[PDB]
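Scroll down for the structure; my scribbles are underneath it.
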Amino acid sequence: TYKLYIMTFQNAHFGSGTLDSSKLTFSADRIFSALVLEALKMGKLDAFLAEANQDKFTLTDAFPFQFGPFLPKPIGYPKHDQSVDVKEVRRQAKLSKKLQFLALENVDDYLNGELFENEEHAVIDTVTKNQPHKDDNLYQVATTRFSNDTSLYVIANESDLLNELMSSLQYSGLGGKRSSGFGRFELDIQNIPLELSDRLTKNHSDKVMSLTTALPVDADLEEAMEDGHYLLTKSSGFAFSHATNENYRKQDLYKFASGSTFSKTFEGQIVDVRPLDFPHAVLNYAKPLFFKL
Amino acid sequence: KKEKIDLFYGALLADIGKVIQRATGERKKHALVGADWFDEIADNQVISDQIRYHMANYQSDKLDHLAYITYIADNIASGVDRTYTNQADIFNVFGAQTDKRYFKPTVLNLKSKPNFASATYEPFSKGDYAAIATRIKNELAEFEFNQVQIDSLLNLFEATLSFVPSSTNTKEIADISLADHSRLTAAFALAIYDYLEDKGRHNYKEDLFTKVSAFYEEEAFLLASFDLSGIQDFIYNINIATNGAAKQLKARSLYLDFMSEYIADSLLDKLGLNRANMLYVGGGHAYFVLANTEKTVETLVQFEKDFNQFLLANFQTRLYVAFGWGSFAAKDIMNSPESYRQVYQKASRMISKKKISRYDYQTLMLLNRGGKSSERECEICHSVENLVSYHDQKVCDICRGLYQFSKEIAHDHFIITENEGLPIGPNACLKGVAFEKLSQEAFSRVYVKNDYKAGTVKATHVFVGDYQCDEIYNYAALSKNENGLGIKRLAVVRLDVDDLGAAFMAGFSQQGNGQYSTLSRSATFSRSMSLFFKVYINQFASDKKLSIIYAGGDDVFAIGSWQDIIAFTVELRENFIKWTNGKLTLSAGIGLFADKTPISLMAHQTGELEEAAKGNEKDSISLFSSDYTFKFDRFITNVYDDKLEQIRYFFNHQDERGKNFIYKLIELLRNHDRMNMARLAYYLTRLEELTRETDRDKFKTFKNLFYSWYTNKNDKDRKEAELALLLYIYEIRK
Amino acid sequence: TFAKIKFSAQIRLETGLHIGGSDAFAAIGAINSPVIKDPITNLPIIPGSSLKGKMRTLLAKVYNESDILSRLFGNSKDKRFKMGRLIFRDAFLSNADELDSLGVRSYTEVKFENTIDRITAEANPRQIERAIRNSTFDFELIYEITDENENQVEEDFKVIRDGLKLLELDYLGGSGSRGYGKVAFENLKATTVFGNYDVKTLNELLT
Ligand SMILES: [Zn+2]
């Protein structure tokens, strides 16, 4: 809930379940799995795990920082608050589909009703590659080449182990093909604004937005989906390990994507998606750090 | 449901005298003519007495009889409280005002040249109707009244009565054909009957003839609708290096179309309704009219939950059907404009709320239950269940049924069995079949694709965009002509109607005071656009060497040889402005590709070209590149027919200037500073007197013309010359 | 123990480059084979996959007989070596203004070229876009030191510096058997970031 960690990427590949595509965020399970996978080369795993079983740190997926912090679009909001220009109500339909990101200084202005013709950062290119003179040798890796002024900031709780791991990720990569260039950044911890620090609740029960891909405890999920306006995510993929000698899949997890509004806030859980007969647990961070709309 | 069938037949088959007494010139009211002539093909008092007493202006005092419903379903099936003119075209009150064009009253065929309207078809023609009239007598010759014969009647209207006017002696409600007036009448009639006979009201003389004004403002109609989310990102599930190249794109776009047809079929038999209640079906969306009872609402909720369990069973949050219904009393008849937009708003926001609040507690608790070991995955769809070893690789179930369906796609009839082929419902599996193989299998429904005949089993006629001249890999080799006169490429056009959503939300409310966006015109425009973009693309692409992969709604995606692709886009625009009267500009984007390039690297670059064309202006064609962007008003006339024929007329007369002069001309047109105008003035004057001095003024009238459209200083006549020379060097490449 | 020790370098072309990209429409005059670029700055690049593959395919000819290349670069099937011991990066054209200070007009040249049949003796022309001579590129190479990493690092550096010895003898680029290569390395310093491990014995193995 303390200071946000500005990361300056300049190129990244971010999944969306393919190799041909690329998200703009990274859904916070990527940053938690990167922290867990780097803290196993240092042998600092169980310290970080017993730190992760606490409310001493919360994580939050990335949003752009174009000289100011951004948040997801409040999905479902603004409610029904004018019959004019039935032509022009289709114009902003196709240009608020790709809205998906709003700054702080207007996120309470948007719910009062405004437009914000969406800015352009990080054009998602796509480039062909090969493996020459071989059998099957064409694929396509969609870079997210960032527009020179934008940073992905993860909102955290600042611990010295977390500073160590987030500073090792300056050079150990964060993204799709880290070992071939992508997802390699520079960190610069900055100040959370006073209007941002007061609003990241974890218990305040009103109409309250989510700011990560978090999955409730099975008890609270019933009214967590009663009047929530959310998405589903399908966070899955192969479980990257070193004690398999094969390559196994994770356990097919669906999650509430960032931007999900909820009335009456819940509590999340680190949903163990470990495969059947598998040595070590696979964690898939899902616990929320909200935004009192 | 024992007396619903004759109710449908009566309230549909009334005002069918209105073709007889327009073919014979009798001034007798249609309620008697149709009820008389109906007795000489089949005998049913429950239909003929419904045709007889529907008007309530000739004779009514003999009934209760399913007549009064037959009365009131006719009084809501017009926009008002309801001489030698034809049927008005729909686009006389679409958007802008142009010359009113009128339909030649003819039938429809399969190899039919199209049916454009003009203003010079305004007076009537009684003698044209005979080929219509006997068509109703013979094709309905040995006819009965049951759920087998319930449906092939309806295509019997849309092959013939699609362009026959209704209520000629009025002015406002004019452009509504009989094969939508009767379909809406029989659509409304079953809704009134279900709403009344749910609530235990067993008489109709006191509730529908004298207290008609009170039930008339009783909320009795559910304008229901649904939307299938995830269609486009299901069709484009294909990457680089994919085995089924475009047959797996044809097959997927036909699979989603038959799924979006089977929802609109299997909904209304869970209800008590038929294919007349569906006002429009098409690109995911489908709009119906149902009864406003709880028996429809709980059946809708139950059916939507069961179908979404079915979609989660195999697709796993890639597709999602979202339903939504707006209730209304019979008050979309002229608060006249803000009553029709309101009830369409309600189903819109119910779908929008249901798009965003997907599941319930138990299903999402099920969806990540785990216990699911895996080591392989279907490289196509990233699913785990039912993996097999199809063509030395791992595939799933749906991407095996899709290859079976891409084999079956070249047939005419598609039957829905329970076990064979691709599942499109809860225990309903689609399978294509030939005609003669229908005997050995046991269907439950059968869709016949792009036909108008009566059919064997009284089938259901569906439309699709279908053409295949040759194979995809032969299309670059077919581009070489009978002299080697072509470059060996293949083009791809993704057309699109510009502002289709603006043509369906507002659509008609631009002309008038919100008095023309009504239900009948909306359904008529929707059937008109599906009739264009699914049937008639085969006529425009009949001789050409292309392959319309996907077509309809708005979007068209057609591979093919490149001269035929460009001429096919030209013909499609030059027939869509003849169709839609110059309104509804469309926007193509063409991309030129070498052979053996993948049809995912091809389709995406053409889509980027097409959205660059849509962002050029409201209307544009983006030939070949993100800088050769034109207008269809200007590419077809100036570039493709004026400039290109002038360059061909000049160059194929002479034998001195070859490819080198054209290449240097394109180089000077592409580099283009101001100094290149002087360099070209030196170049053309130097080459003018270098010619054979006999035929010099050929070159002089060419060079004055080329310097005229280099230095015109409008920026619109220079890129035309560059692209015309690109097309010419493409045409003459050895 | 744990450290990351990067390998800073200016990479210097002594002939051109050619690294292609997704094929695009060539409107006659336009270049048929455009070089890959940076879509923000419209400036050429060497993508990190074109160096991870080119160095591995070069050391596979030297260390053919497999268990050292697999621990330096990675091997997906082996359980010890998925995602192991090396991270490359792009190459972002550092001297974008020393080229202007040497005096040049545009950062990529267009080499015209052709093809001649041995029967018809007929030409067939090409245009190859090329990154121009004596450009520099910001090359850097993270090499991560870990626990399993220990006691073999002495033969991860007579191979890395035996690999950079190879790229100055093979081409690094498309159509490299017709020029289009001759990449040189300079300022090849091995600093250290996020770690406690000296590099000042390694720094004279290189320079
Ligand atoms: Zn599949």
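Here the Cβ positions follow ideal geometry from the backbone for every residue, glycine too, while neighbour counts run over all protein chains shown. Each reported figure results from applying straightforward, stated rules to the coordinates on display, with no laboratory input.
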According to the square roots a ≥ b ≥ c of the eigenvalues of the Cα gyration tensor, what is the shape class of segment A:70-196, taking rounded for a/c under 1.5, prolate for a/b larger than b/c otherwise, and oblate for the remainder? oblate
Could you check what % of the DSSP bridge pairs in the protein assembly as shown are antiparallel, to the nearest 5? 95 percent
Candidate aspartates and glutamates for bridging to A:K255, where Cα separation is under 15 Å - those fewer than 8 sequence places away on the same chain excluded: A:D29, A:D61, A:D218, A:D220, A:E222, A:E267, A:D272, B:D360
Quotient of Cα Rg and 2.2 N^0.38 Å for chain B, N being how many residues it contains: 1.08
Using only Cα atoms, locate the centre of segment A:137-176 and the centre of segment B:439-513, then give the distance between them in Å, rounded to an integer. 46 Å
Alpha-carbon centroid distance for the pair segment A:239-293 / segment B:232-259, whole angstrom: 31 Å
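How large is the Kirkwood hydrodynamic radius of chain C, in angstrom, based on all distinct alpha carbon pairs?
Numbers: mean 1/r = 0.0529 Å⁻¹.
Here the Kirkwood hydrodynamic radius works out to 18.9 Å.
Using the alpha carbons of segment C:1-87, what is the convex hull volume per residue in cubic angstrom, as a whole number?
Numbers: hull volume 16.4 nm³, N = 87.
Value for segment C:1-87: 188 Å³ per residue.
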Mind checking which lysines have their C-alpha under 23 Å from B:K113, skipping anything on the same chain fewer than 8 residues away? B:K100, B:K104, B:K126, B:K449, B:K453, B:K534, B:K544, B:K545, B:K578, B:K583
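In the structure shown, do any of A:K73/A:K234; A:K87/B:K643; B:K137/B:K331; B:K247/B:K488; A:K177/B:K372; B:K171/B:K199 have a Cα-Cα gap over 29 Å, and if so which?
As for pairs spanning more than 29 Å Cα to Cα, those are A:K87/B:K643; B:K137/B:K331; B:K171/B:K199.
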Return, in residue-number order, each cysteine of chain B whose C-beta is not under 4.7 Å from any other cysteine's C-beta. B:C381, B:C399, B:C429, B:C469
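For chain C, give me the percentage of DSSP beta bridges that are antiparallel, rounded to the nearest 5 percent. Intermediate values should be presented prior to the final figure.
Values: 22 of 23 bridges.
So the antiparallel bridges in chain C amount to around 95 percent.
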What three numbers, in Å, describe the spread of the alpha carbons of the protein assembly as shown along their principal axes, ordered from the longest? 114, 96, 61
Hey, which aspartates and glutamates would be in cross-link range of B:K355, C-alpha to C-alpha under 12 Å, not counting anything within fewer than 8 residues on its own chain? B:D227
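About its Cα centre, how strong a charge dipole does the protein assembly as shown have in debye, to the nearest 20, once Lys and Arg get +1 and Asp and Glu get -1 at the Cβ?
Working: 149 positive and 167 negative charges, 491 e Å.
Computed charge dipole of the protein assembly as shown: roughly 2360 debye.
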Amide H proximity to B:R445 below 5 Å, modelled H, separation 5+ or other chain, gives B:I416
How large are Rg and Dmax for segment B:240-279 when only the alpha carbon atoms are used, in Å? 15.1, 48
Which entries of A:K56/A:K79; C:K4/C:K79; A:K292/B:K305; B:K664/C:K182 have Cα-Cα distances beyond 28 Å here? A:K56/A:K79; A:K292/B:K305; B:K664/C:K182
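How large is the translational diffusion coefficient of segment A:1-90 in µm² per second when you combine the Kirkwood radius over alpha carbon pairs with Stokes-Einstein at 4 °C and 1.567 mPa s? If you can, show how the numbers build up before the last one.
Working: Rh = 16.9 Å.
Here the translational diffusion coefficient equals 77 µm²/s.
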Non-local residues with an amide H under 5 Å from the amide H of C:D38, with H modelled 1.01 Å from N and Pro and chain starts lacking one, are C:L43
Segment C:126-175 and segment B:350-418 have their Cα centres apart by a whole-number Å value of 44 Å
How big is the equivalent ellipsoid of segment B:320-366 along its three axes, where each semi-axis is √(5λ) from the Cα gyration tensor, reported in whole Å from largest to smallest? 32, 9, 6
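Taking segment B:460-522 on its own, what percent of its Cα-Cα pair distances exceed 14 Å? Don't jump to the answer; show the numbers that get you there.
Numbers: 1468 of 1953 pairs.
Percent of Cα pairs beyond 14 Å in segment B:460-522: 75.
What is the order of B:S530, B:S225, fewest Cβ neighbours within 10 Å to most? Before the final figure, lay out the partial values.
On the way: B:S530 17, B:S225 22.
Fewest-to-most Cβ neighbours within 10 Å comes out as B:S530, B:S225.
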Compute from the Cα atoms of chain A the Rg and the Dmax, the latter being the longest Cα-Cα distance, and quote both in angstrom. 19.6, 63
